[PDB]
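Some notes on the structure that comes next.
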Amino acid sequence: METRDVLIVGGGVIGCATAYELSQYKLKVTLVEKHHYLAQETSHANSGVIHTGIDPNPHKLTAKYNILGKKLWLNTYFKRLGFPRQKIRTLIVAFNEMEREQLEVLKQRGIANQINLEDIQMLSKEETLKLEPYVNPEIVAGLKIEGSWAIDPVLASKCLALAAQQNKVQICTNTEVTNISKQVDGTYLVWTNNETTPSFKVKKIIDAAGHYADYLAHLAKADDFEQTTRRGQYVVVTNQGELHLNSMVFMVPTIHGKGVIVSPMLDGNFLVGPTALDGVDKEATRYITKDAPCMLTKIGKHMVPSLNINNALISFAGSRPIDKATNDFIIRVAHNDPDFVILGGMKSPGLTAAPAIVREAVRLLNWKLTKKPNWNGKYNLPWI
Ligand SMILES: Cc1cc2nc3c(=O)[nH]c(=O)nc-3n(C[C@H](O)[C@H](O)[C@H](O)COP(=O)(O)OP(=O)(O)OC[C@H]3O[C@@H](n4cnc5c(N)ncnc54)[C@H](O)[C@@H]3O)c2cc1C
Ligand code: NI
């Protein structure tokens with residue numbers, strides 16, 4: 001049994017960035033993931049987009065943390081950490097006059113979310129087909145926003161963890177927390193993998209468990225929030241001939257849901273999707289189906305008609321964990337235990353927001369933390 005200051009439960013992007021941030025302090029820190037590898041769940045199955053902030057409601061923590069998180073990625077994290085990424089602008093297209101007035105609404109939303117005017121541009125039919133000649137010519141208008149990036153979220157999450165590990169954070173994989181019980185003395189005992197005796201004794205728990213972030217709070221008798229799900233399947237296609245895209249192309253999300261796209265990918269292929277299905281079991285959050293291809297064909301060819309979906313390489317899926325109560329991010333201590341920090345309901349845009357989310361996690365431990373004078377934030381993930 002290990003005595004440690006903070007146990008981070010969950011090795012997706014949120015757990016990994018948390019480990020990174022905490023690795024800069026003088027603390028005993030351990031991160032636990034149930035899978036053999038990190039980033040095998042929601043953080044593996046998403047579009048990798050660093051969103052501008054045009055999309056989220058300005059009054060929600062999704063907007064708030066988007067704004068902060070993106071700033072931290074571009075001006076801090078990207079300077080220190082090497083992993084694949086590219087700058088690529090956002091383009092939302094309208095198909096009729098109703099979708100067109102939704103573009104105006106989004107424009108205002110971006111300004112409310114502090115996007116500068118120079119980054120935003122409403123475009124006519126003609127101007128949009130100028131910029132992206134492979135888009136559907138039945139579109140009537142577009143909205144272009146500069147400032148977005150696309151990253152490999154898997155390599156980013158791993159880079160963060162390898163960085164953390166380099167600065168004394170213990171990373172234990174194949175380790176599933178199966179019980180937690182807070183003590184008279186204020187610490188927690190943590191059983192993993194249904195073992196008889198506890199493996200950890202810790203002063204704080206940072207709950208980053210994605211689809212099981214509710215399970216985990218209920219298991220410590222700390223908070224009773226519940227998450228629902230939305231499963232999204234994608235397809236990656238290749239060999240599209242002359243087809244080029246110099247934008248991430250999106251449907252109006254207000255009408256078609258969040259993040260519905262055709263994007264050129266870091267590896268030269270095209271990402272199409274996702275579908276949308278509410279309320280799948282937690283265990284089934286990543287299951288692909290035979291139904292979805294058909295849906296995906298309609299989505300992709302609606303946006304880029306010349307797209308040949310039979311040239312498919314892979315299909316995968318992931319699910320947004322969605323707070324039932326607020327349909328927003330949960331970033332707070334548990335309502336009934338101030339030593340259990342909850343990073344839950346981590347839907348879109350949790351990736352973009354991650355760095356700000358996790359810095360708030362750190363403050364929420366509520367400690368006078370002492371820095372290592374020598375702390376190494378730099379890591380270049382070897383890749384090729
Ligand atoms: C289809 C889709 C598209 C998206 N697109 C974007 C996007 O373009 N841009 C953006 O900013 N965001 C996007 N998001 C949101 C983003 O992917 C998520 O916010 C983020 O990946 C959630 O990270 P996480 O670390 O909290 O969750 P997860 O990645 O799900 O990780 C949680 C970890 O905890 C582990 N775990 C659970 N229970 C236990 C336990 N008892 N013990 C040990 N480990 C446990 C799991 O194995 C796991 O790996 C998208 C999400 C989806 C579903
Ligand atoms: Ni407002």
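Whatever order the structure lists ligands and atoms in, that order sets their numbers, starting from 1. Along the sequence shown, the residues carry numbers beginning at 1. Heavy-atom basis, side chains included; hydrogens, waters and symmetry copies ignored.
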Q) Can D337 and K182 be said to form a salt bridge (charged side-chain N to carboxylate O under 4.0 Å, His left out), step by step? A) CA-CA 9 Å; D337 183 344; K182 193 171 204 173; 2.7 Å; yes
Q: Give the residue and atom name of whichever protein heavy atom lies nearest to atom 30 (O) of ligand 1, and the separation in Å to one decimal.
A: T42 OG1, 2.7 Å
Q. Numbering the atoms of ligand 1 from 1, which are under 4.0 Å from a heavy atom of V32?
A. 43 (C), 44 (N)
(Q) Starting from atom 23 (O) of ligand 1, what is the nearest protein heavy atom, named by residue and atom, and what distance separates them? (A) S43 OG, 3.1 Å
Q) Got a donor-acceptor contact below 3.5 angstrom from the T238 side chain to the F270 backbone? A) no
Q.
Taking distance alone, with N or O pairs closer than 3.5 Å, would you say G210 contacts ligand 1?
A. no
Q: In sequence, state the C-alpha distance, the side-chain angles, and the governing distance for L160 and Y77, and then conclude on side-chain contact (heavy atoms from CB on, under 4.5 Å).
A: CA-CA 9 Å; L160 283 160; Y77 280 30; 3.9 Å; yes
Q. Any side-chain heavy-atom pair from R89 and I145 closer than 4.5 angstrom?
A. no
Q. With a 4.0 Å cut-off, would you call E127 and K130 a salt bridge?
A. no
Q | Closest approach of any protein heavy atom to atom 3 (C) of ligand 1, naming residue and atom | A | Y234 OH, 3.2 Å
(Q) For ligand 1 and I14, I'd like to know whether there is a polar contact (N/O to N/O, distance under 3.5 Å). (A) yes
Q) Quick one: does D278's side chain get under 4.5 Å of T229's, heavy atoms only? A) no
Q. Would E176 count as a contact of ligand 1 if the rule is a heavy atom under 4.0 Å away?
A. yes
Q: Indicate whether the side chain of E132 and that of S247 have a donor and an acceptor atom separated by less than 3.5 Å.
A: yes
Q | Residues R332 and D223 bridged, charged N to O under 4.0 Å | A | yes
**Q.** Residue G12 vicinity, atoms of ligand 1 by number, heavy atom under 4.0 Å
**A.** 25 (O), 29 (O), 31 (O), 33 (C)
Q) More than 12 non-hydrogen atoms from neighbouring residues, nucleotides or ligands closer than 6.0 Å to CH2 on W367, yes or no? A) yes
Q.
Could you check whether any side-chain heavy atom of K60 comes within less than 4.5 Å of a side-chain heavy atom of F329, counting everything from C-beta outward?
A. no
Q: Could you tell me the residue and atom name of the protein heavy atom closest to atom 34 (O) of ligand 1, and the distance to it rounded to 0.1 Å?
A: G10 CA, 3.2 Å
Q: Just jot down the ligand 1 atoms closer than 4.0 angstrom to any heavy atom of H35, in number order.
A: 47 (O)
Q: Show your working on salt bridge (charged side-chain N to carboxylate O under 4.0 Å, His left out) between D152 and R85 and close with a plain yes or no.
A: CA-CA 6 Å; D152 196 318; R85 49 182 174 252; over 6 Å; no
(Q) Below 3.5 Å, N or O to N or O, backbone or side chain included: is there any such pair between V177 and ligand 1? (A) yes
Q) How far is atom 50 (C) of ligand 1 from its nearest protein heavy atom, and which residue and atom name does that atom have? A) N46 CB, 3.4 Å
Q: From atom 36 (N) of ligand 1, work out which of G259, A209, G345, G273 has a heavy atom at the shortest distance.
A: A209
Q: With heavy atoms of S319 as the reference, note each atom of ligand 1 found under 4.0 Å away.
A: 53 (C)
Q) Has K64 got more than 12 heavy atoms of other residues, nucleotides or ligands less than 6.0 Å from its NZ? A) no
Q) Of the options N46, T42, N327, which is the one that meets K347 in a side-chain hydrogen bond (donor to acceptor under 3.5 Å, both in side chains)? A) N327
Q. Among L307, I309, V272, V235, whose side-chain contact (heavy atoms from CB on, under 4.5 Å) with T297 holds?
A. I309
(Q) Checking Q183 against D185 for the side-chain hydrogen bond (donor to acceptor under 3.5 Å, both in side chains) test, could you report, in this order, the C-alpha distance in whole Å, the side-chain angles of both residues, the deciding distance, and whether it holds? (A) CA-CA 5 Å; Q183 294 302 298; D185 73 30; over 6 Å; no
Q) Taking atom 52 (C) of ligand 1 as the point of reference, which of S263, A45, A39 owns the nearest heavy atom? A) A45
**Q.** Top protein contact for atom 16 (C) of ligand 1, by heavy-atom distance
**A.** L351 N, 4.0 Å
(Q) Test your reading of the structure: does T352 have an N or O sitting under 3.5 Å from an N or O of ligand 1? (A) yes
Q: List every atom of ligand 1 that sits less than 4.0 Å from any heavy atom of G318, numbering the atoms from 1 in the order shown and giving each element.
A: 53 (C)
Q. Which atoms of ligand 1 have any heavy atom of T175 under 4.0 Å away?
A. 42 (N), 43 (C)
(Q) Under 4.0 Å from a heavy atom of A208: which atoms of ligand 1 are those, numbered in the order shown and with their elements? (A) 32 (C), 33 (C), 34 (O)
Q) Got the closest protein heavy atom to atom 9 (N) of ligand 1, with its distance? A) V49 O, 2.7 Å
Q. For ligand 1, is there an N or O atom under 3.5 Å from any N or O atom of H51?
A. yes
Q | Closest to atom 35 (C) of ligand 1 among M248, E33, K34 (heavy-atom distance) | A | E33
Q) For atom 19 (O) of ligand 1, which protein heavy atom lies nearest, and how many Å away is it? A) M346 O, 2.7 Å
Q) In ligand 1, which numbered atoms sit nearer than 4.0 Å to a non-hydrogen atom of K347? A) 15 (C), 19 (O)
